[PDB]
Structure formats: C-alpha cells, structure tokens
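One structure is given here, and the rest of the page talks about it.
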Amino acid sequence: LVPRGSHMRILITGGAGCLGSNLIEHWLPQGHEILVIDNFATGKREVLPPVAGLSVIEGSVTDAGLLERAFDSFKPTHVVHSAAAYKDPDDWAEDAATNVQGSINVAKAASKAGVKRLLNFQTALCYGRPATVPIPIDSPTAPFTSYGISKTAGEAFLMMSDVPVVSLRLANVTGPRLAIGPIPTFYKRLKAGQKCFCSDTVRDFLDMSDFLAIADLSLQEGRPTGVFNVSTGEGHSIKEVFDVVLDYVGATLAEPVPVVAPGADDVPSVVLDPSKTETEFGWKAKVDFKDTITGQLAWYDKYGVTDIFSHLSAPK
Amino acid sequence: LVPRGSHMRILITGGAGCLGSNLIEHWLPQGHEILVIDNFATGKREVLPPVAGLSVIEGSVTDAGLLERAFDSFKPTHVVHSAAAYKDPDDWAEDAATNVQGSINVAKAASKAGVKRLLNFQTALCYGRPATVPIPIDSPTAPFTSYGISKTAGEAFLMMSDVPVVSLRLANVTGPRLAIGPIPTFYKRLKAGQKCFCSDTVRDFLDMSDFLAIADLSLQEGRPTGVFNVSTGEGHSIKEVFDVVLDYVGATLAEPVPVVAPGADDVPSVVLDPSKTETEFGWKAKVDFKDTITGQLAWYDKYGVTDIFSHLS
Ligand SMILES: NC(=O)c1ccc[n+]([C@@H]2O[C@H](COP(=O)([O-])OP(=O)(O)OC[C@H]3O[C@@H](n4cnc5c(N)ncnc54)[C@H](O)[C@@H]3O)[C@@H](O)[C@H]2O)c1
Ligand SMILES: NC(=O)c1ccc[n+]([C@@H]2O[C@H](COP(=O)([O-])OP(=O)(O)OC[C@H]3O[C@@H](n4cnc5c(N)ncnc54)[C@H](O)[C@@H]3O)[C@@H](O)[C@H]2O)c1
Ligand SMILES: O=c1ccn([C@@H]2O[C@H](COP(=O)(O)OP(=O)(O)O)[C@@H](O)[C@H]2O)c(=O)[nH]1
C-alpha cells in the first residue's frame, strides 16, 4: 500500500461533485483507496469511472444505517465530507436533512470508526451579511437562506465531534468541471456574442491547485483543528471577472456591460481573511486572480463547459 | 365563538410541557379552541385532561403527514410552537429532527394553512458565550451545544416563513409544574435538611404571569414580528436564588453552601436585554426577582414539586 507509511483510506461524501471529483483525481493517482458516497442530486456518475482503488455507493448521508455499514466495512482512516443539498432554495426539508442530519450521521459514524481526521467544506453563506470585509475567522455566523442555515448547523455539529475536524470556509473555487456561475456564463455568452450583465458585487476566487494544497494539509496528523478561511484574501468585482474573460476570448462589445445593483439577498461583498490559516497551517494561496480566472477559461477551451469530462482513464 | 371574535383556534406543539400547559390553562377558560400535538418525550399526559375545548394528538412535529392531517382538520388561526427536544445532549439526531426538521414542518404546514400568526420560543443557549451581558437582541447567535445549535437553526427557518412569526428568546420561566432546576432542588433538599451546592453562574428569571402577558401580545393581529428578548433585564446568581429559598423554608445550614465553578459548557452569565421588546410591544415584566422565586415556592408549598398537577377541572 502506497504512499508508504502515509496511505489513506478516504471516505468522501459528495465525491461525485466538483470538489469531490477534483480531490479524487488528485488522490487516486497517489495510490490512496477511496470510497464515494453520493446520491447524484447534482453530482455526475461519469466522473467516477470503474477504476482501480475507487469504490462508489449510491446513497444518502441522511441514511445513518447505510453510513454505519459503509464505515464498518471500509474502515476509513480519513473522511472528507463534501455532500451538500442546495439546488432548491424552497426545499428547506432537504437542506436540513442533507446538511444537518447528514453532517451528524457522518460525525457519529466517523467517531465509532476511529477516523484520524475529518475535513468539511463550509459555504461563506454561513457569515450572512458580514460586519466587515475581508471576513475575519472569528466573525459570527448569521445565515438567512436555507442553504446557509442548514450548513451552519451541520458544521456546528461536526465541531462537537471527538474526531479531529477541520472545516474550511471557502472562497469560490475554480478548476476542472466548474460549470456554473459568472465565469462559464461570461465564457459561453461572450463567445456567442450574447448580452451579459454583472451584479455590482465583490467575491474572492481560489485556484483548484491552492484548494488541493490546503485539503492535503488538513488531513495530516497533528495539524490544527477548527474552522479556517481559505482564500487569497483579495476581493474582485464580477465586472473584473468579466473584463478578464472578455480580453481572454478576444471579443469586443456592441454596448457597455450593465453593472447592476444586487438583489435583496445577494450579499454585496463576500471576501475571506485567510491570515489564521496562513499562521497555523503555513499555507498561502499561490495563484493570483487573473491566473485563476484564465486557468478556468483554458480548461473550457480544452474540454468545453462541462461537468462530466473525467481526467481519469478507464477501464480499470 | 368567544371571545368575540378574538376567538382563536390555537394549535400548540409541545402543549403537554411546562410553557404549553400553562398557556392552555391561560387560554381555555377564555373560550379558545386548542389542539395539542405532543410525543410526550418530556411532557406529561396528565396535564391534558379531556376537557371541553381541548384536543390532543399524540405525535411528532417530525411527522409531516400527521401535521398536514392536523392542520387540515383543525384549521388553526394561530400556532404556538413549543415542541423541543433536549433531554439527551448526545442525541444530536433527535435534537436536529425535532428542533430543525420539526420547526420546518410546522412553518410549511402553517403557511399552507394560512395561519395568522406563529409564536416560537427560543432558548438563550442560542447566544452561546455572549460578548455583552445583559444580551442585546442584535447579538449574534453562537451556539455550541446540541440543543442550542438545533434550536438556532429551527428559529432561523421559521423566520424565513411568509407567516408572521414572533420568536421569543426567554429568561428562565418559573411557574406551575416547573419541577426541574435549582429552585425545586433547593426547596426539596433544604426542607429535607440535605446539603446543597450552587454553581457560580448568573441567570435571569421570569414569572409565569409576565410570560403569559407577552405570549398574548405576540398573537395579536398587526403586532411586531421577528426575534425578541423576554426578561426583566436583571441578573441574579444561583447563590442569591439559594438564599431566597433558604429564607423561605426557614432552614438553618450546618455549613455555608459550597459555590462551585461553572462546568466546561456552562456560560458564566446569561441575562437578556428586553429593551426592544419594551419599545415595540409596550410590554415590561412586573414581577421582581424575589417575588418570582417566592411565587414558585408558594406553588410547591401547595402542590409539591410536581409536573403533573393540573389547574383544569
Ligand atoms: N465549490 C465551491 O467553491 C464551494 C464554496 C464553498 C463551500 N463549498 C462546499 O463544498 C462542498 C462541495 O461543493 P461542490 O462545489 O463540490 O458542490 P457539488 O454539488 O458539486 O457537490 C456536492 C455533492 O454532494 C452530493 N449530495 C447532495 N446531497 C447528498 C446526500 N443526501 N447524500 C450524499 N450526497 C449528496 C451531490 O450529488 C454532489 O455530488 C459542499 O459542502 C459545499 O457546500 C463549495
Ligand atoms: N421554560 C423555559 O424557561 C424556557 C426557556 C427558554 C426557551 N424555552 C423553549 O420553550 C419551549 C417549551 O419549553 P418547556 O420549558 O415547556 O419544555 P418542556 O419540555 O416542558 O415542553 C416541550 C414539549 O415538547 C414535547 N416534544 C418534544 N419533542 C417533540 C416532538 N418531536 N413532537 C411533539 N412534541 C415534542 C415534549 O414532550 C414537551 O411536552 C421549548 O421550545 C424551549 O426550548 C423554554
Ligand atoms: O450572469 C451572471 C451570473 C452571476 N452573477 C453574479 O455573480 C456573483 C457570484 O455568483 P453565484 O452564482 O455563485 O452567487 P452567490 O452565492 O455568490 O451570491 C453573484 O453576486 C451573482 O449575482 C452575475 O452578475 N451575472
């Protein structure tokens, strides 16, 4: 079993999604054994080819018996909890079941199984309308949407675990198979010459490579535990994203792009302060904004705007 | 249809509990119709006698089918959501099912049924360890126990409802059938000549009469909605509570009462600032600390330390 002396058996809930599939493509070539649990609510079957070292259970983190059996059999050394429901903002029941009860079941199962470390991903919706930007890690949680409320409580339950837990509050991560948001929107619209708009909002953006680096650190024995902000700590407007994409695809506009006031629930600025993560993990994001966006675009050049292109080579 | 029409059809989840039963004893003599839904996890079957105007469904807020059936037939005008799980701090799944999923199910059912107003009760555990005490209503929520975390999310879901919602963050309410906590413990043990202890913590206490007053205003058409602290705004140590019980019962101690450090998960001081509640509702608590404690003891004097004595005939 390899990496010699550092071989992991990783159980990844939500492993068929964006971050989950990128983590598999990162870890599987290293010889780690991976078990995915996913219900394919938003994740895709085609990112999980029948390949060596990779096992898949189709099912839900809401199903505590299923998890018990999975943990019982697979005996994971490490857990990455990447499953989340969000696609229907009115389906509060689903959000609470997946994000709260799913987090509880994973924490309970991981404790019984003697998991070494659990890694959870948290949305910046946990902060609600922030008192200040960039957002300090000691900011209160103050969510006001179903996705935010349920994810805040799931994280909070995971923090009560006797399992060492790292919960990463994430900037917007970019990389293979990201097929939603302003980046692919501006890409498909500008190339097609369709009409675009930008919310007058500010966000942070993180290259996949820097995400993989902190994920790696979070799973190492005796590293820090708790909640951490993962970002460059720099905010850029949606308009700035747009200007990068427009220059990249080499289009000229007929009229100025509208930059419009955000809707009532669209938080104007959400940028995370990473300083404590830099202090405690020794980690710093290496990829600037322009390289992050253009890196996303270069992937699109190569594969299309698709969440189903796998970098793994079947059959086994 | 009395009182005339401010007659309410009130669906009260958790109706067999301390607050729910006191609310029933307060509203039923006025002529309101009440439906209770309770699974009896902590509430008692004995406090809901088969009396005109009161009906009971044994079930869970976690059962959406049951709730849809209850809402469809009873057709309530008002909901009081008083169901909560907490008795096992390690049963995170149950606190989440009852306090989060139960709150969602009740909101969704109340919206579908076009309920006029919904009242929710919130634990001060929602504030976790506060930066300022007394605790302002705009203080963040920062729970770190199962009960606090699940109750914080349940409340935040209810606030997303299109039904007008009032969620009251409460002081420690005293009154009929409160059979837990420092007050009955000191009462029983001091009378038995048994040794006690006080935790070195500060808390606020609210007489049932004041709780009843704000519950009334919360249900009135056109009144404020949102979250509100319900308290006198004054804090008192558990030792002060002790001294009140010791004086009341007439006992004399053989040793001074040991005062013990707060447990790891106990917040040293939890006292709520009700100013905004005063401003928006025109409500102020009337019964002071000593009268609040002594009125609880006078109840035990009459009925014993019991959660089953009903004032309904
Ligand atoms: N991508 C980001 O920049 C970002 C930012 C902040 C937080 N996060 C968090 O990271 C995690 C992954 O995000 P993503 O971008 O990969 O989203 P995603 O939708 O691609 O991945 C979520 C995965 O969870 C699965 N899932 C949903 N409900 C489930 C359930 N009941 N049981 C098992 N699986 C279930 C989905 O099918 C999907 O495969 C989520 O927890 C999310 O909240 C992501
Ligand atoms: N009494 C107080 O001083 C105090 C203080 C702060 C907040 N609160 C809140 O007020 C409400 C009532 O508190 P209480 O002191 O009456 O507690 P209680 O335990 O006496 O009443 C709660 C009732 O809910 C019932 N219940 C539990 N799970 C249920 C479920 N799944 N479905 C239906 N019923 C269920 C219990 O059986 C009980 O009768 C709770 O929401 C509590 O968090 C009370
Ligand atoms: O065509 C688009 C699509 C997205 N956005 C904006 O881009 C930001 C980030 O996108 P996302 O969909 O992730 O929404 P968020 O959860 O950050 O509010 C939001 O403020 C959106 O309003 C935009 O301006 N134009």
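Identifiers in this document derive from the order of the structure tokens: chains are assigned A, B, ..., residues are numbered from 1 separately in each chain, and ligands are numbered from 1 in order of occurrence.
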
Notebook entry, point to check: Residues within 8 Å of ligand 1 (only C-alpha atoms and all ligand atoms), as a PyMOL selection string?
Noted result: chain A and resi 13-21+37-44+58-62+81-86+94+97-99+102+120-124+151+168-174+178+206

Fewer than 2 positions away in the same chain doesn't count, so skip those; otherwise give me all residues within 8 Å of residue A:315, counting only C-alpha atoms, as a tab-separated table (two decimals) with C-alpha atoms, in the first residue's frame.
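What ended up in part01.tsv:
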chain	number	residue	atom	x	y	z
A	49	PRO	CA	-15.29	5.63	-13.80
A	50	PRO	CA	-14.83	1.95	-12.71
A	51	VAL	CA	-11.19	2.41	-11.97
A	313	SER	CA	-8.59	6.80	-17.77

Item checked: At most 7 Å from ligand 3 (only C-alpha atoms and all ligand atoms): residue list as number ranges by chain -> A: 181-182, 185-186, 196-199, 201, 203, 238, 262, 266-267

Margin query: I need the residues in stretch 130-195 of chain A that are strand (DSSP E) according to DSSP; give them as a PyMOL selection string.
Written below: chain A and resi 165-170+172-174

Notebook entry, point to check: Which residues come within 6 Å of stretch 75-89 of chain B, counting only C-alpha atoms, excluding same-chain residues fewer than 3 positions away, as a list in words?
Noted result: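 The contact residues come out as residues 8, 9, 10, 11, 12, 13, 14, 71, 72, 95, 98, 99, 115, 116, 117, 118, 119, 120 and 147 of chain B.
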